[PDB]
Structure formats: structure tokens, C-alpha cells
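Q: these are from a larger complex, still in place; more later:
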Amino acid sequence: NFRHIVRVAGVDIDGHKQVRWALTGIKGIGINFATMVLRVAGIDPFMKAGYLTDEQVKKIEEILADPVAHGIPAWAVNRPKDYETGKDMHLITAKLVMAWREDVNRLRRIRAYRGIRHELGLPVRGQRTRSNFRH
Amino acid sequence: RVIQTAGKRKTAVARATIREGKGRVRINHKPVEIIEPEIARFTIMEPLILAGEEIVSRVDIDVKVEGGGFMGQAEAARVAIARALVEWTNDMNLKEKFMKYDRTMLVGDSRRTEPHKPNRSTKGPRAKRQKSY
Amino acid sequence: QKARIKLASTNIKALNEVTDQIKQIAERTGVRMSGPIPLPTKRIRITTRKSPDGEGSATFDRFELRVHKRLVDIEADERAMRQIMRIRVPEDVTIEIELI
Amino acid sequence: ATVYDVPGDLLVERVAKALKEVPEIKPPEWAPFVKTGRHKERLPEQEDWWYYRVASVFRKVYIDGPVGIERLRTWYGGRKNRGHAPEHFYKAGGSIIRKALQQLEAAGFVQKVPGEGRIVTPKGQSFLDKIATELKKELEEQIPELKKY
Amino acid sequence: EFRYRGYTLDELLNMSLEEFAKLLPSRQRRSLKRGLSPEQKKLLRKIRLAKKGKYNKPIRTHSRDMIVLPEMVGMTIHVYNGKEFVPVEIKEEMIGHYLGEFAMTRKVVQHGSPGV
Amino acid sequence: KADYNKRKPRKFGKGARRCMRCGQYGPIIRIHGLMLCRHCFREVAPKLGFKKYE
Amino acid sequence: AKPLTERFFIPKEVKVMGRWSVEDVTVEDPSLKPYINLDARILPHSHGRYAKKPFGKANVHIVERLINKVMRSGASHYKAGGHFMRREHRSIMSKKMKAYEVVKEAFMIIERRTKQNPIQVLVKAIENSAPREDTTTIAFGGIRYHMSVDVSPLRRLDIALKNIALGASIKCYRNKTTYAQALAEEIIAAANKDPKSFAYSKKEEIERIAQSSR
């Protein structure tokens, strides 16, 4: 009845653990957002994963797909007010990295201070670099 | 009759009242038997155990404490209670027993803080910054 | 009717003077008084640095100004008010009076 | 027999178990998606924390009434792990406390004095003393020195 | 096809300011709400006079805190860096940024060797 | 010509206050209404009525 | 979870912590007899008194002494067990609540295992960890010797208790084992003469060096 490795979208997790910590292994999903997902799904976050039916897996992934439609609040989401769509939306794993890269690249394209700092490999948020930031 | 009494400890004052009764002892509206923690409960109960049974079974005591931490409050309360018990019973036997056990029961402590000095004012008067050479 | 007098000063002697004066003027006449009542003392402290430059260890200078306060109620009888307002108060004391 | 004669944590558990049979006390929409304070990081690990919150608020109103929504905000605060910066005490938020007090009023357990905190009604004062008498009748079997009170 | 939160340049160009300010982040929203200052209004007047005819000369200003609006697209503005007037040719992707993020002040540091 | 010689008014910052006695800018005591720098207070304090007492 | 009958304890007589007797105890070491306080009490807490008086270390209860030696933060500027044990925020410094609880659980385990009185066990441990000899450097004609010198009954106790608490602090550093359990193990070993005791080890080491330098 019990499994040792469950496979949520793309990523695999540890069934010996609780679900809120096992889902923490998908980049883009923390403990808080995992708790929210499980609550909107109807699952105790204290049960050892592995006792996770394909029923529940499918429900979780459909949730993750469109969270603001299932009632996940718009403020508790990764990417609100996307540049070209509005449409407060959420991104995990393979989509996420590309968004980071595209943001930094559009900062680089208009020749901005932040993009130049990203290029050179230096700080961006106003820190002082004389005594620290040693490689 | 009624006997009122007081007790002190660092930034803490306790006022106690004693009379005839059943054996109840309240410290600031809650009974002593359920004071927390135990290290502060034994401190207050010590004199009531020393005095005995036929003495406390026939007195009702009350205490109101204000200021300075749970340990300060408990000690001030023990002091007040002991003074009131002695004033109410008039037993030099009890007096000598209490003073053998611990004399601060009736002769309270007389220690406050010491002001601070200007090298590390937050830490204290005698802690100082670290030198380099 | 009652009247309440508040006194403040950096000197205790002026305060004692005024207190004795009004106490005696109220006693020689028939008027029930109140006080004198001491309120807590107000201390203005200022800790500064001695050196006008940076060099040297830090030695600090703590100045203090203590201010003593008193309160009285006098019952504001017929002539008491007019005979009390006729007082010779030094100019290092702040006296105010309020009718309740 | 009275609230001042029993321990608070036990009393709050025994009161929150009963607060549920009362229907005017229900969690709102945003309860699962919310953190109980700026001074916190992770969400409550229980599904029935709202009722413990409202029981505690009931009893604090009882004790320290009239009390409004700043003293309870302070009593429901704590020190925040700020990272490399050192720790400081911070206050909680003012929607949970307010909705709790409103629901208690809807159930008729508290009333607001016009300009002075908020207080308990007689039935609100009956509830707790009843539960405390029960819990004391229970504890007197283990703490045989609790009878005289 | 460039899109700013779902709308195109032709639509942003007809949207008013209280409309176009709910599309910006909080800081630019606050700036526009509080109001433009004399020098900013002056620069805007110059930009409008220029994009239709009259002003044939180039735009220059010390105003490094002006926000790039849509009507400011297609024009080159010379902004101060402290020493000279750097020309920024504003592109559709600059909307919503300050005018000093593109005119830098310090020069990149290429180190040497330390002494004692 | 008379305009380009004298200051813009300052309601806050550091150039808003100035010592009554000498005219300094940075270090100024503001405690209880005083407006002296840390230097002039140490000289005029025993006149104002302060004591050591420590 | 502790039961209520233990969370709310009320003593009925004058016994150490209200639980354990102190009159059935005994001592056969006359050098230490008069420095081990075995007065019938309940709460062993002296709020700093008996400290500025030179010989005030003789009117304090061994249990309170052990408690104040348990209020530790590892070892700083020297090394024990082969490591610096620096904690700096996670240490029970000025927490007699926690120290009291530790010693309580320790004596509990001792009574549970040995079937004897934990205070008598502790007395035998202190005996068998009391060093009778040490070294020093004396000078004549301007050179430094190394002599063996007798130790006094007031310093023997200090070293014994310190070493017991150090062994406890050591057996618990970054291991699944707890402070109370390690303290209980240390005391049992010191009493039963098992080399697993840091304390017995140190005693024999000291006496060995001293007999050598004799």
C-alpha cells in the first residue's frame, strides 16, 4: 500500500516524509504555499507521503496549474502582474528559470544600471563594497 | 481580627493579609498549589511547611505582589508570609526555627543593582570594550 | 468653592517660604487648608562628550537640573483669595492657581 | 468554581472544545491562507486554531476588561528572527482579533463600552465559570489539595 | 509584438494618466499621484511641442527623476550625468523606469596593484 | 540681483537648525527646547543652573 | 508529558526537593566530612550569599553546588574532549530552572537504576573523584622546580564537581544523548570506578604525574 518515491510533476519526492516537506522539493513551492495547496486540495499535511493516490496527485497538479482560479489568493503567488499579460500567475521549475533569465535580459537590453551590474557580477541592491563581498 | 504586613525584594513589593480561616493561600488571585514553576512554588511554600499543620489549618492568607519578576515576587511573598505568621502566633520557637533555617525569612535582603559606567553602558559598570594593541 | 495652587522651583527655600506664608495666613484666619503636598521631582539630565575633537579616550559629562514641585488646596474663602494673591513671591518660583 | 482557581491552558482547551457547538463562531474565507503575525514565518500547524484564538480572546477580555484592540495585539506579539540583524519585539495584526470580537458579540458573550475597551456579559461570565467548575471537579482527583478553593 | 500588461502602445497612448498609473509599480504610481513638479512639466511641454513640428532643437535636462511615459517614445533625450549630457533614445521597453537608470555617473573600475 | 545671494528656506534636514551662540550646523542639543551645540552648552551650563551631582 | 501528580507536586515533609532523605547518608572520608553540607532542606537555592565570605563554600548544599557547576557553557579558552565547546546563545547560563530540571531527571534515573539513594551515590562519586595530590612549581636559588603538594579538602570537592559536570557536557555534545542522561552515566561510573568517567581518569592522571614528579 505504501510507496517510497512518488512522482509529482517532473520531480520525485520522499515518501518517508510528510507531504508539506516532500512537496518542498519542487523549485517554486515552499512550505507555506505547499500548505495552502494541500488545504485547497483537502489533504492532511501530516500524513506520510506515499499514501498519496493518483487521485490526489492529479488534483495537486491541476491546482498548481491555475491557482488563482481554485481560489489561491493573488497576493500569495510567485509572479503577479506579469509584464505582457497582467494575469497574476505562478511558475515552478523549468518555466521559472526562463522568466528570471528573460527579466535580466530585458534589463540588459535597455542598458540599465541593474542589468549592467548583473553582467559585471556585482551587487544590485545598494550595498557597500569595500570591506566585504570578497569573491 | 486582621493583620497586614509587607515584604520587599529587588524592584518588587508584596502586601499580605492574615486572619482566621480554613487554610487558603492566594498569591495575586491564584492559589499557591498551582503556582508555576516549581522553583518559585517551593520558595513560597517553605514557611507553611515549617510552621506545621495545627497552625496553618486555622488561618487564611492573602498576598498581592507587584514588580520585579517571578523570583522576586516569590521571595517577597515568603518574607511577608513568615512575618505575618510570627506576628499572628507569637512563638519565639517559630522565630528561632525560621532563623536557623534561613534568617532572610525575617531579615530581608538589601541588594539592588549598581549603576553603569561609560565604556559599555548596556552591558554594565565593569564590562568594557575589547582592546586591540 | 476651592482653589488649588501649584508651585515649582529649582530652590527649596523659596518653596518653603511661600508654603509657610500661605499656611500662616490661612491659620490666623478660619479656613481649612490642604497640604503641603510633594509631587515627584523632575530631573533633566544631559550627558555630553568633553573633548571638542575626536582624539583621546571618551570621558563623558553628566549635567542635571532638579526641579521640586508642591501642591496646595486652600478652600477659597471670602478674604482668603484676596489676601493670598497679595504675596511677595521671588522670581525663581513658578506659582499658578486654579479654581475648582 | 471560578476562573481564577484553575490553569489557563487547560481551561482554554476545555473552552475551545465547546466553542464549536456554538454556530455563530466560524472561520472566515482567508483563514487557511494567512499567518498569525508579522513576527512569524510559517503558518499554524493545526486545523482548529481559530477556536483556540477566540477562546483565549474571550478569557483575556474577561480578565483585563475593558480591553480594546491594541493590548491584545501586544499580548499576541513576540520577537522576530530578522536574520543577521538582532531580534526585536513586534506586534500582531488587527483583523483576526477584530473578527473574533465581532463574532463573540454576535453570540452575545461580550459588549463594547462606549469609549472604553470591551467587556463580558453575564452569560459570557457564566460559560467560563461553568467550565472551570467542571475542570476543577476533575483536577481535585489528582491534586487533593485543591478542594478548599 | 510588444505588450505592456496586455495592452499595446497605441492603446497606452490614448489611456489617460490615472488609467496608465494603475499599470505601473507602486513608486511611479505614488509619483504621478503626488504630482509633477515645475521642471518636469516644462520638459513635458517641450516634448509635446517637439513631437509635432515646432521644436527642431534637441532636448536637454537635469531631470533624472522623470518617469518615462508613452508619449516620450521615439525621441532622444539628453540627460545629465553630472559632467556631460548623455543621449538616451527611448524605446517601448523603457516605459515605467526612471530617466537616470540609463545615464550613469561613476566609471567602471579596472584595478591596478597595491602598495603600502 | 538681490535674489541670487540668499538661501532657500529649509523646514527640515540638517541646514534647518543653527546654534544660537556661535552659528554651527551639525551637532545641536534639542533636549527640552535648547538650541546650543555640544560645545557651547558645556561652557554655558553652570550659568543655566546645571550641576555635576553624579 | 508529565502527569499532573508530578507537574503539581506539594511536599509534605522537610526532605531534599521534598522527595529524598538526607539523614541515612554517610561519609567515611574525614577530610571531607565537615565540607559536605547535608542539612535537611527542601529547595537548595542560595541567592549568591556565602560567596564573599572566604569559607562560605561550607554552608551551601552539595546539590546547589552541583547545580551551579551544571550551569555551564562548555569550555572556553581551553579544551576538553578535544574540542572547544562554544555556544554563546544556546547555553544554560543563569538558568537554575533548567539546571534544577536536569539534576532532577538525573537523580530520577539514578534511583531507577541503582536501587539506592542518589545523594549517597553522588557522595561516593565525589570521594572517588577527589584528588589527594597535585603539582606546583617552587623556586630556590632562582630556578624552577616541579614538586608534588597535597591538596586541601575544599579544593578536592571543587575539582570533583567540575570534572563531573565537564564529563556530562562532553558526553552530550552533538550526539543523540541528553545532558541529564550523560550526567547520570558520569555519576554512576565515578561511583563504580569505571574508566569511562572523565573524573576518575583525571584523578588518576593527576596522581600519576605527581607520583612521577615526587
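A: Right, received. Where do you want to start? Numbering: from 1, shown residues only, chains lettered A, B, ... in the order given.
Q: can you pull out the strands in chain C?
A: Counting by DSSP state E, chain C has strands at residues C:3-9, C:34-49, C:60-73, C:93-99.
Q: Packed most tightly, which of the ones you listed would that be?
A: Sort these by mean neighbour count, taking mean count of other Cβ atoms under 10 Å in any protein chain shown, and strand C:3-9 sits at the top with a mean of 18. For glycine as for every other residue, the C-beta is placed from the backbone atoms N, C-alpha and C.
Q: Determine which of the strands of chain C approaches residue E:56 most closely.
A: strand C:34-49 (62.6 Å; Cβ to Cβ).
Q: hmm, the closest one touching chain F?
A: Yes: counting by Cβ under 8 Å from any Cβ of the partner chain, chain F has neighbours in strand C:34-49: C:44, C:46, C:48-49.
Q: Alpha carbons of that strand, in PDB - could you do that?
A: Below are the C-alpha coordinates for strand C:34-49, written out as PDB (Å, rounded to 0.1, in the frame of the first residue of the first chain):
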ATOM      1  CA  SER C  34      -4.800  71.100  52.400                       C
ATOM      2  CA  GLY C  35      -1.100  70.100  52.100                       C
ATOM      3  CA  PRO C  36       1.600  70.900  51.600                       C
ATOM      4  CA  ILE C  37       1.700  68.000  49.100                       C
ATOM      5  CA  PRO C  38       5.000  67.000  47.500                       C
ATOM      6  CA  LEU C  39       4.900  65.800  43.900                       C
ATOM      7  CA  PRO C  40       7.900  63.800  42.400                       C
ATOM      8  CA  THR C  41      10.900  65.800  41.400                       C
ATOM      9  CA  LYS C  42      11.600  66.400  37.700                       C
ATOM     10  CA  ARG C  43      15.300  65.800  36.700                       C
ATOM     11  CA  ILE C  44      16.600  67.000  33.300                       C
ATOM     12  CA  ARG C  45      19.800  65.100  32.600                       C
ATOM     13  CA  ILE C  46      22.200  65.700  29.700                       C
ATOM     14  CA  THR C  47      25.300  63.600  29.000                       C
ATOM     15  CA  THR C  48      27.700  65.100  26.500                       C
ATOM     16  CA  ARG C  49      31.400  64.500  25.500                       C
END
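Q: Contacts for it, please.
A: With contact meaning Cβ atoms under 8 Å, 6 or more residues apart in numbering or on different chains, strand C:34-49 is reached by C:19, C:23, C:58-75, F:29, F:31-32, F:38, F:41-42, F:45, F:50.
Q: all strands of chain D, in order?
A: Here chain D has its strands, by DSSP E, at D:78-80, D:88-90, D:110-113, D:116-120.
Q: So residue G:94 sits against residue G:71, correct?
A: Yes: under the criterion of Cβ atoms under 8 Å, residue G:94 makes contact with residue G:71 at 7.0 Å.
Q: out of the two, which sits in the more crowded spot?
A: The neighbour comparison of residue G:94 against residue G:71 (other Cβ atoms under 10 Å in any protein chain shown) goes to residue G:71, with 17 against 9.
Q: Longest helix in chain E, by number of residues?
A: Longest helix in chain E, counting residues (DSSP state H): helix E:38-51.
Q: Between the residues of strand C:34-49 next to chain F, which sits nearest chain D?
A: Nearest to chain D among the residues of strand C:34-49 next to chain F, counting by Cβ to the nearest Cβ, is residue C:49 at 25.7 Å.
Q: so the closest one bridges to which residues?
A: Residue C:49 has the following beta-bridge partners by DSSP bridges: residue C:60.
Q: measure it to residue F:39 for me?
A: Applying Cβ to Cβ, to the nearest Å, the value for residue C:49 to residue F:39 is 10 Å.
Q: Was I right to think residue G:123 contacts residue G:28?
A: No: counting by Cβ under 8 Å, residue G:123 stays clear of residue G:28, with 9.5 Å between them.
Q: which of the two has more neighbours?
A: residue G:123 (21 against 9).
Q: which stretches of chain G form strands?
A: G:75-80, G:83-85, G:133-136, G:139-140, G:143-144, G:147-150.
Q: Among the ones you listed, single out whichever gets nearest to chain B.
A: strand G:75-80 (13.9 Å).
Q: let's put RNA strand H on the structure above:
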RNA sequence: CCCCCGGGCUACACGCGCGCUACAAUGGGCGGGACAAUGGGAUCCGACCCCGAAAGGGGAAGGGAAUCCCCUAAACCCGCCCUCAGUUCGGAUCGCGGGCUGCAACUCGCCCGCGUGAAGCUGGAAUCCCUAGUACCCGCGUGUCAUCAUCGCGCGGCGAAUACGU
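A: So that you can see how it sits with the rest, here is RNA strand H on the chains above:
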């Protein structure tokens, strides 16, 4: 000389001083129980009520200081989860978003919410501070202040070890 308008003192291959935060169980998290003192307050402190998930916003009693406010402090106790692991330790660094103070926040400001998750597993030679309500540990006003405290001067809470010498 005296004013304004923009930049810089915040630039960074590195060497040092003083400190903060940690490298776990003498603990991390969630929920509930407690207990202070010093000081300060006019376009200033703002209780009480109402909006907002939070940061924060709109009304507004009282107060010119034993009258009202800032103020139910933290470490501590109880119950559940984690059980010696680069982890439920650690919390830097980056992205999207929301707001305050201000004539003006890119250069170069503080605060919030969701994500990302870097070195660090107790430290060589050497070296510093401390004798009683003292040191260690815990948090709090105030000074600067239109906003901004890992600092200075003070306040209390818990509370030892060793020597009475050379």
C-alpha cells in the same frame, strides 16, 4: 567671498580593527500561559471604533506631565511535530508585487508578502574582558531623527565560579 541646479564622500582584484548572525537537542517551529524599570510627548503622544492578509489608511476622547498616552517586553513554563542530518540547522544573494516619510527616493532610503536557498559541522600560533546583585545570557526607552540603529549614554529581568594571595 555669497546663492542656486545636477554629481561624489555609498566607487572595489586585496590587508586590518570593533561588532552582529550562526554553524544545533544546554535546540528549530506551531498553539497556549506569565511577570518590569528607566525615560519622553504640540500640528506631538495618540487610547476606542471602523476599513485592509500584512505593511499601512480614514474618524477621534484625553493629555501642556504622580491624572492621558508611548507600555500585557524578552529570555522563562506547558502541549504537539522534527530525532544527529548541510537537516524542519543557517540565513546571505537575486526576481515579481504592494506601501510609507519627503519639494525630489535611478545613482543612494527604510518596511510587508510569495518564491531562490551561499559559505559555515567548534576554530593554529597568538590574544581580551571580568571579584557580587558583579560577569555570562534576555530584551526596553532615550541621543541623533521629515524618514532610517548591527552604534553611544542609561534601565531593569535571571543570576554564578574561584581567590582572600604573590
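Q: hang on, the earlier thing: keeping just the C-alphas, turn the longest helix of chain E into CSV.
A: Output in CSV follows, covering the C-alpha atoms of helix E:38-51 (Å, rounded to 0.1, in the frame of the first residue of the first chain):
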residue,chain,number,x,y,z
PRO,E,38,7.6,72.7,-12.5
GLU,E,39,10.7,71.4,-14.3
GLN,E,40,9.0,68.1,-15.2
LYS,E,41,6.0,70.0,-16.6
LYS,E,42,8.4,72.2,-18.5
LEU,E,43,10.1,69.2,-20.1
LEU,E,44,6.8,67.6,-21.0
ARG,E,45,5.7,70.8,-22.7
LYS,E,46,9.0,70.8,-24.7
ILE,E,47,8.5,67.1,-25.6
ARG,E,48,4.9,67.8,-26.9
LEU,E,49,5.9,70.9,-28.8
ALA,E,50,8.7,68.8,-30.4
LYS,E,51,6.9,65.6,-31.4
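Q: Which strands and helices lie in contact with it?
A: Judged by 3 or more Cβ pairs under 8 Å, 6 or more residues apart in numbering or on different chains; DSSP states H and E, helix E:38-51 is in contact with strand E:59-61.
Q: The strand it packs on near RNA strand H at all?
A: No: judged by Cβ under 7 Å from any atom of the strand, strand E:59-61 stays clear of RNA strand H, getting no closer than 9.1 Å.
Q: The helix or strand just after that strand: partners in the sheet, and parallel or antiparallel?
A: Per DSSP states H and E, the first helix or strand lying C-terminal to strand E:59-61 is strand E:76-80. Here strand E:76-80 is paired, per DSSP bridges, with strand E:59-61 (parallel), strand E:85-89 (antiparallel).
Q: What is the distance between the first one and the centre of its chain?
A: The chain centroid and the centroid of strand E:59-61 are separated by 11 Å, computed with Cα atoms, centre = their mean, to the nearest Å.
Q: what sits against residue 86?
A: In the absence of a named chain, chain A is used. Counting by Cβ under 8 Å, 6+ apart, residue A:86 makes contact with E:5-6.
Q: Switch to chain G, please.
A: Residue G:86 neighbours (Cβ under 8 Å, 6+ apart): G:73-74, G:76.
Q: Distance of it relative to chain E?
A: Remark: distance between residue G:86 and chain E (Cβ to the nearest Cβ, to the nearest Å) = 35 Å.
Q: which residue packs closest to residue G:148, ignoring adjacent ones?
A: With Cβ to Cβ, 6 or more residues apart in numbering or on different chains as the criterion, residue G:148 has its nearest non-adjacent residue at 4.1 Å, and that residue is residue G:210.
Q: Residue E:23 in helix, strand or coil?
A: Following DSSP: H, G, I helix; E, B strand; the rest coil, we place residue E:23 in the coil state.
Q: got a list of what the nearest residue to it once chain neighbours are set aside touches?
A: Using Cβ to Cβ, 6+ apart and skipping the chain neighbours, the partner closest in space to residue E:23 is residue E:5 (5.4 Å). Contacts for residue E:5 (Cβ under 8 Å, 6+ apart) come out as A:81-86, E:23.
Q: The longest helix along chain A close to chain E?
A: Longest among the helix segments of chain A by residue count, using DSSP H, is helix A:94-109. Yes: contact of helix A:94-109 with chain E (Cβ under 8 Å from any Cβ) involves A:106, A:109.
Q: now the longest helix of chain E against strand E:76-80, angle please.
A: With axes from the mean of the first three to the mean of the last three Cα atoms, to 10 degrees defining the directions, helix E:38-51 sits at 150 degrees from strand E:76-80.
Q: So what touches helix E:38-51?
A: The contact list for helix E:38-51 (Cβ under 8 Å, 6+ apart) reads E:36, E:55-56, E:59, E:61-63, E:65-66, E:71-72, E:74-75, E:77.
Q: now, among the residues you listed, which is nearest to residue G:181?
A: Nearest to residue G:181, judged by Cβ to Cβ, of the contacts of helix E:38-51 is residue E:65 at 65.9 Å.
Q: And the strands in chain B?
A: Going by DSSP E, chain B shows strands at B:3-9, B:12-19, B:25-27, B:30-31, B:60-66.
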